[PDB]
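S.K.: Please find one structure pasted underneath; my questions will follow.
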Amino acid sequence: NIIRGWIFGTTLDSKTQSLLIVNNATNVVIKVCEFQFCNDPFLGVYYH
Amino acid sequence: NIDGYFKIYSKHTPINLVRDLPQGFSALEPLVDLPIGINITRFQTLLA
Amino acid sequence: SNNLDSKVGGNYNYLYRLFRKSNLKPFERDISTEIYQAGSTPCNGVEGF
Ligand SMILES: *[C@@H]1O[C@H](CO)[C@@H](O[C@@H]2O[C@H](CO)[C@@H](O)[C@H](O)[C@H]2NC(C)=O)[C@H](O)[C@H]1NC(C)=O
Ligand SMILES: *[C@@H]1O[C@H](CO)[C@@H](O[C@@H]2O[C@H](CO)[C@@H](O)[C@H](O)[C@H]2NC(C)=O)[C@H](O)[C@H]1NC(C)=O
């Protein structure tokens with residue numbers, strides 16, 4: 001379960017709206033906001 | 001993403017492939033239609 | 001809605017888009033607040049000719 005979602009949008013940097021679809025461990029979240037995305041986005045896991 | 005109606009179709013197939021997109025045929029069933037109303041020209045996946 | 005949306009000094013809370021580079025698509029929503037240009041010059045910051 002390594003791929004978990006997507007960012008969609010014309011400008012992912014709060015100049016415009018964008019769509020987040022992200023399947024986290026507990027419950028998938030879908031959101032449409034003027035998101036200010038990170039230059040290198042990911043989700044992290046403690047292993048063992 | 002048509003007229004803001006961001007439409008998702010999907011399928012899940014059990015495989016045993018090692019290093020390629022599995023050769024074969026399957027049709028995706030529509031699951032949900034989001035009324036998002038935004039400009040989607042770009043996208044980026046989220047990984048763990 | 002003149003009983004709901006009009007004020008004796010002017011209800012200036014109701015905005016509309018006055019400029020855009022081209023027409024938008026059916027059921028699309030333009031919310032962009034970037035400065036538009038009516039001339040061949042580029043324009044930057046908050047205001048200009
Ligand atoms: C969605 O976003 C893209 C990217 O910003 C828009 O492409 C722009 O189109 C205008 C049209 O006048 C050009 O002036 C810009 O230079 C374009 N930008 C880029 C980076 O290519 C596109 O028009 C938007 N679509 C809608 C329907 O709003
Ligand atoms: C995945 O994201 C969702 C949405 O942010 C998280 O749901 C939150 O869970 C906490 C703890 O139960 C609640 O207090 C919040 O109200 C929830 N937020 C929403 C908007 O539902 C969820 O916890 C996240 N899962 C993981 C594994 O972090």
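In the structure tokens, chains take the letters A, B, ... in the order shown, each chain's residues start at 1, and ligands count up from 1 in the order shown.
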Enumerate residues in contact with ligand 2: an atom-to-atom distance of at most 6 Å, counting only C-alpha atoms and all ligand atoms. Format the result as a list in words.
M.R.: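 Using only C-alpha atoms and all ligand atoms, everything at most 6 Å from ligand 2 comes to residues 24, 25, 26, 27 and 29 of chain A.
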S.K.: Please determine the contact residues of chain C with respect to chain A at a cut-off of 9 Å, counting only C-alpha atoms, and supply them as number ranges by chain.
M.R.: C: 30-34
S.K.: Counting only C-alpha atoms and all ligand atoms, name the residues that have an atom within 6 Å of an atom of ligand 1; the answer should be given as a PyMOL selection string.
M.R.: (chain A and resi 10) or (chain B and resi 39+41) or (chain C and resi 21+24-25)
S.K.: List every residue of chain A that DSSP, applied to the backbone of this structure, places in strand (DSSP E or B), and write the result as a ChimeraX atom specification.
M.R.: /A:3-8,18-22,29-33
S.K.: Between atom CA of residue 9 of chain A and atom CA of residue 44 of chain B, what distance in Å does the model show, to one decimal?
M.R.: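 If I compute the distance from atom CA of residue 9 of chain A to atom CA of residue 44 of chain B, I get 9.2 Å.
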S.K.: Return as a Markdown table the residues of chain B lying at most 12 Å from chain A, together with the closest atom-to-atom pair for each and the distance in Å to one decimal, counting only C-alpha atoms, with rows in chain order and ascending residue number.
M.R.:
| residue | atom | partner | partner_atom | distance |
| --- | --- | --- | --- | --- |
| B:1 | CA | A:8 | CA | 10.0 |
| B:4 | CA | A:19 | CA | 11.0 |
| B:6 | CA | A:19 | CA | 9.7 |
| B:8 | CA | A:21 | CA | 11.1 |
| B:32 | CA | A:30 | CA | 11.8 |
| B:33 | CA | A:30 | CA | 11.9 |
| B:34 | CA | A:30 | CA | 9.3 |
| B:35 | CA | A:32 | CA | 10.0 |
| B:36 | CA | A:32 | CA | 6.8 |
| B:37 | CA | A:32 | CA | 9.2 |
| B:38 | CA | A:17 | CA | 6.7 |
| B:39 | CA | A:10 | CA | 5.8 |
| B:40 | CA | A:9 | CA | 4.2 |
| B:41 | CA | A:10 | CA | 4.9 |
| B:42 | CA | A:9 | CA | 5.4 |
| B:43 | CA | A:8 | CA | 4.2 |
| B:44 | CA | A:7 | CA | 5.1 |
| B:45 | CA | A:6 | CA | 4.2 |
| B:46 | CA | A:5 | CA | 5.0 |
| B:47 | CA | A:3 | CA | 4.6 |
| B:48 | CA | A:43 | CA | 4.8 |
S.K.: Based on the selection just made, write N, CA, C and O atoms of those residues as a PDB file, in the first residue's frame.
M.R.:
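So result_23.pdb came out as:
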ATOM      1  N   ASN B   1     -12.374  14.842 -15.318  1.00  0.00           N
ATOM      2  CA  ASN B   1     -12.994  16.053 -14.714  1.00  0.00           C
ATOM      3  C   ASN B   1     -13.819  16.772 -15.786  1.00  0.00           C
ATOM      4  O   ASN B   1     -13.226  17.542 -16.567  1.00  0.00           O
ATOM      5  N   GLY B   4     -16.601  20.273 -13.955  1.00  0.00           N
ATOM      6  CA  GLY B   4     -16.433  20.210 -12.491  1.00  0.00           C
ATOM      7  C   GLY B   4     -16.840  18.862 -11.921  1.00  0.00           C
ATOM      8  O   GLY B   4     -16.488  18.585 -10.759  1.00  0.00           O
ATOM      9  N   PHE B   6     -15.864  15.765 -11.389  1.00  0.00           N
ATOM     10  CA  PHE B   6     -14.695  14.902 -11.430  1.00  0.00           C
ATOM     11  C   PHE B   6     -15.115  13.450 -11.219  1.00  0.00           C
ATOM     12  O   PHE B   6     -15.486  13.051 -10.115  1.00  0.00           O
ATOM     13  N   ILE B   8     -14.623   9.382 -11.228  1.00  0.00           N
ATOM     14  CA  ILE B   8     -13.678   8.301 -10.966  1.00  0.00           C
ATOM     15  C   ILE B   8     -14.315   6.964 -11.321  1.00  0.00           C
ATOM     16  O   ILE B   8     -15.393   6.620 -10.836  1.00  0.00           O
ATOM     17  N   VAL B  32     -17.906   6.822  -8.076  1.00  0.00           N
ATOM     18  CA  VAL B  32     -18.432   8.082  -7.468  1.00  0.00           C
ATOM     19  C   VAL B  32     -18.246   9.249  -8.445  1.00  0.00           C
ATOM     20  O   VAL B  32     -17.391   9.133  -9.347  1.00  0.00           O
ATOM     21  N   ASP B  33     -19.025  10.321  -8.273  1.00  0.00           N
ATOM     22  CA  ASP B  33     -18.867  11.535  -9.119  1.00  0.00           C
ATOM     23  C   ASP B  33     -18.788  12.753  -8.194  1.00  0.00           C
ATOM     24  O   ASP B  33     -19.811  13.073  -7.559  1.00  0.00           O
ATOM     25  N   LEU B  34     -17.624  13.403  -8.127  1.00  0.00           N
ATOM     26  CA  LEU B  34     -17.441  14.538  -7.217  1.00  0.00           C
ATOM     27  C   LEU B  34     -17.820  15.871  -7.898  1.00  0.00           C
ATOM     28  O   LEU B  34     -17.282  16.173  -8.961  1.00  0.00           O
ATOM     29  N   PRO B  35     -18.643  16.741  -7.289  1.00  0.00           N
ATOM     30  CA  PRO B  35     -19.117  17.998  -7.883  1.00  0.00           C
ATOM     31  C   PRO B  35     -18.116  19.174  -7.748  1.00  0.00           C
ATOM     32  O   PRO B  35     -18.509  20.303  -7.446  1.00  0.00           O
ATOM     33  N   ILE B  36     -16.809  18.930  -7.889  1.00  0.00           N
ATOM     34  CA  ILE B  36     -15.746  19.833  -7.413  1.00  0.00           C
ATOM     35  C   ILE B  36     -15.710  21.227  -8.059  1.00  0.00           C
ATOM     36  O   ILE B  36     -15.316  22.185  -7.396  1.00  0.00           O
ATOM     37  N   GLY B  37     -16.101  21.367  -9.327  1.00  0.00           N
ATOM     38  CA  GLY B  37     -16.198  22.660 -10.010  1.00  0.00           C
ATOM     39  C   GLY B  37     -14.881  23.418 -10.247  1.00  0.00           C
ATOM     40  O   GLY B  37     -14.913  24.646 -10.280  1.00  0.00           O
ATOM     41  N   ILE B  38     -13.740  22.730 -10.395  1.00  0.00           N
ATOM     42  CA  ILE B  38     -12.442  23.485 -10.465  1.00  0.00           C
ATOM     43  C   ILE B  38     -11.644  23.219 -11.750  1.00  0.00           C
ATOM     44  O   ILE B  38     -12.062  22.348 -12.539  1.00  0.00           O
ATOM     45  N   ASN B  39     -10.530  23.946 -11.937  1.00  0.00           N
ATOM     46  CA  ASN B  39      -9.640  23.772 -13.120  1.00  0.00           C
ATOM     47  C   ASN B  39      -8.595  22.704 -12.796  1.00  0.00           C
ATOM     48  O   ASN B  39      -7.728  22.977 -11.942  1.00  0.00           O
ATOM     49  N   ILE B  40      -8.668  21.541 -13.448  1.00  0.00           N
ATOM     50  CA  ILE B  40      -7.623  20.493 -13.238  1.00  0.00           C
ATOM     51  C   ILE B  40      -6.822  20.336 -14.534  1.00  0.00           C
ATOM     52  O   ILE B  40      -7.349  19.727 -15.487  1.00  0.00           O
ATOM     53  N   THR B  41      -5.602  20.876 -14.561  1.00  0.00           N
ATOM     54  CA  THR B  41      -4.736  20.773 -15.765  1.00  0.00           C
ATOM     55  C   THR B  41      -3.496  19.949 -15.401  1.00  0.00           C
ATOM     56  O   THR B  41      -2.831  19.441 -16.325  1.00  0.00           O
ATOM     57  N   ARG B  42      -3.214  19.815 -14.101  1.00  0.00           N
ATOM     58  CA  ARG B  42      -2.003  19.080 -13.651  1.00  0.00           C
ATOM     59  C   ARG B  42      -2.358  18.144 -12.496  1.00  0.00           C
ATOM     60  O   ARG B  42      -3.426  18.344 -11.884  1.00  0.00           O
ATOM     61  N   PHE B  43      -1.490  17.168 -12.209  1.00  0.00           N
ATOM     62  CA  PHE B  43      -1.707  16.272 -11.079  1.00  0.00           C
ATOM     63  C   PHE B  43      -0.399  15.664 -10.567  1.00  0.00           C
ATOM     64  O   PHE B  43       0.604  15.682 -11.266  1.00  0.00           O
ATOM     65  N   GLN B  44      -0.415  15.141  -9.339  1.00  0.00           N
ATOM     66  CA  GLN B  44       0.803  14.501  -8.772  1.00  0.00           C
ATOM     67  C   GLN B  44       0.394  13.450  -7.738  1.00  0.00           C
ATOM     68  O   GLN B  44      -0.456  13.764  -6.883  1.00  0.00           O
ATOM     69  N   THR B  45       0.988  12.254  -7.810  1.00  0.00           N
ATOM     70  CA  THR B  45       0.625  11.184  -6.870  1.00  0.00           C
ATOM     71  C   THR B  45       1.341  11.321  -5.525  1.00  0.00           C
ATOM     72  O   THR B  45       2.414  11.918  -5.444  1.00  0.00           O
ATOM     73  N   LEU B  46       0.752  10.766  -4.466  1.00  0.00           N
ATOM     74  CA  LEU B  46       1.252  10.749  -3.093  1.00  0.00           C
ATOM     75  C   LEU B  46       1.713   9.339  -2.724  1.00  0.00           C
ATOM     76  O   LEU B  46       0.940   8.390  -2.847  1.00  0.00           O
ATOM     77  N   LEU B  47       2.946   9.190  -2.245  1.00  0.00           N
ATOM     78  CA  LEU B  47       3.571   7.903  -1.915  1.00  0.00           C
ATOM     79  C   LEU B  47       3.965   7.848  -0.436  1.00  0.00           C
ATOM     80  O   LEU B  47       4.246   8.882   0.171  1.00  0.00           O
ATOM     81  N   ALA B  48       4.022   6.640   0.123  1.00  0.00           N
ATOM     82  CA  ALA B  48       4.480   6.370   1.480  1.00  0.00           C
ATOM     83  C   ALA B  48       5.983   6.013   1.551  1.00  0.00           C
ATOM     84  O   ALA B  48       6.432   5.092   0.869  1.00  0.00           O
TER      85      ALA B  48
END
S.K.: Out of C:9, C:15, C:29, C:22, which residue has the shortest atom-to-atom distance to chain B when counting only C-alpha atoms?
M.R.: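 When distances to chain B are compared using only C-alpha atoms, the smallest one comes from C:29.
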S.K.: Can you work out the spacing between atom CA of residue 4 of chain C and atom CA of residue 19 of chain C in Å, to one decimal?
M.R.: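 Result for atom CA of residue 4 of chain C versus atom CA of residue 19 of chain C: 27.1 Å, one decimal.
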S.K.: Dump as CSV the rows for residues of chain C within 6 Å of chain B: closest atom pair and distance in Å with one decimal, only C-alpha atoms counted, ordered by chain and rising residue number.
M.R.:
residue,atom,partner,partner_atom,distance
C:26,CA,B:3,CA,5.8
C:27,CA,B:3,CA,5.5
C:28,CA,B:37,CA,5.2
S.K.: Do you know which residues are at most 12 Å from residue 12 of chain B counting only C-alpha atoms, after dropping those on the same chain fewer than 3 positions away, and could you put them as a list in words?
M.R.: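 Using only C-alpha atoms, the neighbours found are residues 9, 15, 26, 27, 28 and 29 of chain B.
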S.K.: Could you save those same residues with N, CA, C and O atoms as a tab-separated table (two decimals), in the first residue's frame?
M.R.:
chain	number	residue	atom	x	y	z
B	9	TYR	N	-13.60	6.19	-12.12
B	9	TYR	CA	-13.86	4.78	-12.40
B	9	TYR	C	-12.69	3.98	-11.85
B	9	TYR	O	-11.58	4.50	-11.81
B	15	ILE	N	-3.02	-9.96	-8.76
B	15	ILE	CA	-1.98	-10.30	-9.79
B	15	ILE	C	-0.78	-10.98	-9.12
B	15	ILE	O	-0.84	-11.20	-7.89
B	26	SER	N	-9.58	-5.82	-18.68
B	26	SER	CA	-10.60	-5.61	-17.64
B	26	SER	C	-11.25	-4.23	-17.78
B	26	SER	O	-10.57	-3.27	-18.15
B	27	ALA	N	-12.54	-4.14	-17.45
B	27	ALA	CA	-13.33	-2.91	-17.56
B	27	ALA	C	-13.61	-2.29	-16.18
B	27	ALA	O	-14.03	-2.99	-15.27
B	28	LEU	N	-13.37	-0.99	-16.03
B	28	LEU	CA	-13.54	-0.27	-14.76
B	28	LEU	C	-15.00	0.14	-14.52
B	28	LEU	O	-15.63	0.74	-15.38
B	29	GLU	N	-15.50	-0.13	-13.31
B	29	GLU	CA	-16.88	0.27	-12.95
B	29	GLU	C	-16.85	1.65	-12.30
B	29	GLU	O	-16.01	1.86	-11.40
